[PDB]
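**Q** To start, I am sharing the structure in question, which I have written as structure tokens.
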Ligand SMILES: O=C1CCCN1Nc1ncnc2[nH]c3cc(F)ccc3c12
């Protein structure tokens, strides 16, 4: 038993809710919140900008030190950093950004990072400003992630579409 509330159960291990991931994280304090990161951990907009804003820019300060030490992430890769006031940890995962011409097949690799964590609160990778089809992203999630994932979808219209079309 865990504290996630109001989710629709899609599969054995995948759950979905129309919610603002920032508000959900603040209320749940999950062990892991996933960020929709880029390879430079520049959290300027989308989910990343919202999560970073909710940390009062502490996520960005920590991220800049991470990059200065380690260099950029790989597309499809991830790193674990602090969850600040939102979660114990933030798993920064880089899905491919279609608006940069990145290969979509990397989306499966991106989701594989979730399997290193027993339970996660997450957005749909490569959705939103990353330009992928969220219905495809949901399919890859269900077919790749084996750990327990609670997906927060900000847009109510999109949430209803994802549910209604789910196979
Ligand atoms: O809806 C979708 C589907 C693909 C990613 N994505 N974006 C979010 N998904 C969940 N929670 C979110 N909170 C936000 C706050 C913002 F300012 C901007 C975007 C989001 C967001």
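In this analysis, Cβ positions are derived from the backbone assuming ideal geometry, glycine residues included, and neighbour counts consider all displayed protein chains. Every read-out reported here was derived from the displayed coordinates using simple, explicitly stated rules and does not represent laboratory data.
**Q** What percent antiparallel are the DSSP beta bridges of the chain, to the nearest 5?
**A** Working: 7 of 22 bridges.
Taking every DSSP beta bridge within the chain, about 30 percent pair in antiparallel fashion.
**Q** Working from the alpha-carbon coordinates of the stretch 95-167, get Rg over Rh, Rh being the Kirkwood radius. The partial results should precede the final answer.
**A** Values: Rg = 11.8 Å, Rh = 12.5 Å.
The Rg/Rh ratio comes out at 0.94.
**Q** Could you work out how much longer the chain between residue 57 and residue 40 gets when fully extended? Use 0.36 nm per residue separation minus the Cα distance between them, nm to one decimal.
**A** That pair, residue 57 and residue 40, stretches by 4.6 nm at full extension.
**Q** Rounded, prolate or oblate, given the Cα gyration tensor of the stretch 20-113, with a/c below 1.5 counting as rounded? The partial results should precede the final answer.
**A** Values: a/c = 1.72, a/b = 1.40, b/c = 1.23.
Prolate is the answer for the stretch 20-113, as a/c is 1.5 or above and a/b outweighs b/c.
**Q** Is it possible to state the helix-based mean residue ellipticity at 222 nm for the chain, with each DSSP H run of 4+ residues giving -39500 (n - 2.57), the sum divided by total residues, to the nearest 500 deg cm²/dmol? What is it? Present the calculation step by step, with values, prior to reporting the outcome.
**A** Values: 6 runs with 57 residues, N = 167.
After summing the helix terms and dividing by residue count, I get -10000 deg cm²/dmol.
**Q** A follow-up question, please. When the chain is fully extended, how far beyond the present Cα-Cα distance does residue 119 get from residue 7, taking 0.36 nm per residue of separation?
**A** Numbers: separation 112, 0.36 × 112 = 40.32 nm, distance 1.41 nm.
Extending this stretch completely gives an extra 38.9 nm.
**Q** Right, next: I'd like the distance separating the alpha-carbon centroids of the stretch 32-90 and the stretch 120-134, in whole Å.
**A** 15
**Q** Something else now. Of the peptides 105-118, 70-83, how do they stack up when ordered by the mean number of other Cβ atoms within 10 Å, highest first?
**A** Sorting 105-118, 70-83 by mean packing, highest first, produces 105-118, 70-83.
**Q** Work out, in µm²/s and without decimals, the Stokes-Einstein translational diffusion coefficient of the chain at 37 °C, 0.692 mPa s, Rh from Kirkwood over C-alpha pairs.
**A** Answer, rounded: 211 µm²/s.
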